[PDB]
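We use all heavy atoms of the structure for the numbers below, so side chains are in, but hydrogens, waters and symmetry mates are not. Proteins get letters first, then strands, A, B, ... in listed order; numbering begins at 1 in each. Start at 1 and go down the list; that is how both ligands and their atoms are numbered.
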Amino acid sequence: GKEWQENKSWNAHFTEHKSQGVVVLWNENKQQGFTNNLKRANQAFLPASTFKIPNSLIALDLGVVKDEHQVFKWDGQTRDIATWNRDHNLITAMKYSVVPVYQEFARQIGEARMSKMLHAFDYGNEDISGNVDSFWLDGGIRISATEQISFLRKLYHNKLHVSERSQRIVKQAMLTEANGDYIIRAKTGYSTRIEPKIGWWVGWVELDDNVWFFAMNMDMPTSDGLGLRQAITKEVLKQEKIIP
Amino acid sequence: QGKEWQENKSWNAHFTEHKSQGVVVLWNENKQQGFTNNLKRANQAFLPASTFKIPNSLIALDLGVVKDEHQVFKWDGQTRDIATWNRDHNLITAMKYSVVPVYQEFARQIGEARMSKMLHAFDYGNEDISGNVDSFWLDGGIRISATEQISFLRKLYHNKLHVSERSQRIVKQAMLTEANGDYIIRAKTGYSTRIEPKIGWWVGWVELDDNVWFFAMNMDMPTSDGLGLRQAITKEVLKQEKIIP
Ligand SMILES: C[C@@H](O)[C@@H](C(=O)O)[C@H]1C[C@H](SCCNC=N)C(C(=O)O)=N1
Ligand SMILES: C[C@@H](O)[C@@H](C(=O)O)[C@H]1C[C@H](SCCNC=N)C(C(=O)O)=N1
Ligand SMILES: [Br-]
Ligand SMILES: [Br-]
């Protein structure tokens, strides 16, 4: 029944990939947490695109996003991610981490409502200091891997202070992978604007009889290693027999 | 092309490869065009069997017979032939493992009058619930074709059925079968064995970034040995049509 255990054997997966970072797991049935690094599990970083989870919730709950079908027209400014230079709905904007769509949401939400909602969500340090459309990229907001798990457990249980409908739509938008053995609902992030540059993957694995929450971050000096966010998480999930 | 339904007999090669007979129906939502290997069998009506778990789930949720997708339905303690049925279930695992006994209990609590009204409102197949209120989708009067399954699924996809948006969102969650970075499949299997001819079903849709492809297939299923062919043949057609890589 001991709340948090360190499992340093997971460091072998970081070392194999010449990488540094943390994986945090939470067994919902047992109410027990596991991590390779208790210190880094509680270190706070810019959320970057993992902020698209609360941003989606707030946009839906305020009617900035009507539903997951509403089209957000490309503003016609060519950016260096090809998938961003096109129309999106909530599903594809989350999938392709389409920053400019979410910047527009944030502008329409505005500072007062963004701040109130992140306090109601107990989200990270709850600090939106900076620009309302970029604070999750280079403003004051910080969140640890353990704080990501706390937030995700509320979302999973529809316990956040927004409608059940808003929570159901965001959980649909988080869908990443599914088969006959598991479902992954998750969101990637890449924080580059303030050091240290890190990759995120946060979400959960739905099994028939349990839910395993996860939050990982890792040093990401270049975009070359971004695939390691999922690969290292899956190495840990497989070692723990959570997925085959 | 303007044609509602187009016949593509090349898909019969996927049936023949597996010494099988049946139909695949596809509907391109963007183009409002349908495709099938067999226009006649596409419109032949059969017992829905476990594909009936889609409307049954919707009606159970809408009436409050099922509170949500977490509510536990305790095993009645009767050992049945399918191991996965002999345990507690929620809506997600009851759909996944086609747990008939749970859905029979839903049907009893919904009752004949409300079941009949709802299937009329859904324009579901021949709308006929004659037989036992807790088995009519297995051995009663209800019949539905592959094209009628697509018509019903399009209403569900668009939240247009006459039940709450919430009921429709929960059932679409319960239908989740497969997802990756290229596509999402929401679907339901069926195996009709109580009245001849014995057939297998797979009905649902493929969500892409920019389109939805609805599908409904059935095939002759004399034994449970071939049940894997429902998904395998459908995927061979989806690949041929470049819907999935
Ligand atoms: C701040 C954004 O740039 C960043 C974020 O918000 O986290 C975007 C960029 C990439 S999508 C392609 C990744 N390649 C980046 N060089 C991404 C992600 O992997 O989640 N999010
Ligand atoms: C038998 C029917 O109740 C059937 C139905 O209601 O459609 C059940 C069992 C089969 S899978 C198991 C088939 N037999 C295996 N030995 C099934 C399905 O494939 O969805 N549902
Ligand atoms: Br809802
Ligand atoms: Br889903």
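- Taking a cut-off of under 4.0 Å to the non-hydrogen atoms of B/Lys188, the atoms of ligand 2 that pass are 20 (O).
- Atom 15 (C) of ligand 1 is flagged as protein-proximal [any protein heavy atom, distance under 4.0 Å].
- Here the heavy atom of the protein found nearest to atom 3 (O) of ligand 2 is B/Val100 CG2, 3.2 Å.
- Applying the 4.0 Å criterion to heavy atoms of A/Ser223 picks out, from ligand 1, the atoms 16 (N).
- Test A/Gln77, A/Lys73, A/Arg79 against A/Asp75 for side-chain hydrogen bond (donor to acceptor under 3.5 Å, both in side chains) and you get one pass: A/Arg79.
- Judged by the shortest distance from any of its heavy atoms, B/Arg230 lies inside the 4.0 Å radius around the atoms of ligand 2.
- B/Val102 and B/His89 get closest at one heavy-atom pair: CG2-CB, 4.5 Å.
- Atom CD of B/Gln21 is surrounded by 12 or fewer heavy atoms from other residues, nucleotides or ligands within 6.0 Å.
- Looking at atom 12 (C) of ligand 2, its nearest protein heavy atom turns out to be B/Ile82 CD1, 3.6 Å.
- Of all protein heavy atoms, the one lying nearest to atom 5 (C) of ligand 2 is B/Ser50 OG, 2.7 Å.
- With salt bridges taken as basic N to acidic carboxylate O contacts below 4.0 Å, none links A/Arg168 and B/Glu165.
- In this structure, B/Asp210 does not pair ionically with A/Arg86, as no charged nitrogen and carboxylate oxygen lie closer than 4.0 Å.
- The single protein non-hydrogen atom nearest to atom 1 (C) of ligand 1 is A/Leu137 CD2, 3.1 Å, given as residue, atom name and distance.
- Heavy atoms only, all atoms of each residue included: B/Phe106 and B/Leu91 are closest at CE1-CD1, 4.1 Å.
- Polar contact with ligand 2: present for B/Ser98 (N/O pair, distance under 3.5 Å).
- Atom 9 (C) of ligand 2 has B/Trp85 CZ2, 4.0 Å as its closest protein atom, hydrogens excluded (heavy atom only).
- Heavy-atom proximity to A/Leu226, at under 4.0 Å, picks out these atoms of ligand 1: 13 (C), 14 (N).
- Side chains of A/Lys52 and A/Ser97 form a contact here, defined as non-hydrogen atoms less than 4.5 Å apart.
- In this structure the side chain of A/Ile183 reaches within 4.5 angstrom of the side chain of A/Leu175, judged on heavy atoms.
- Of the listed residues (B/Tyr191, B/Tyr97, B/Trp201), the one carrying the non-hydrogen atom nearest atom 10 (C) of ligand 2 is B/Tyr191.
- Contact record, A/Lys197 with A/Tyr190: CD-OH, 4.1 Å, taken as the closest heavy-atom pair.
- Here is the list of ligand 2 atoms found below 4.0 Å of a heavy atom in B/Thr189: 18 (C), 19 (O), 20 (O).
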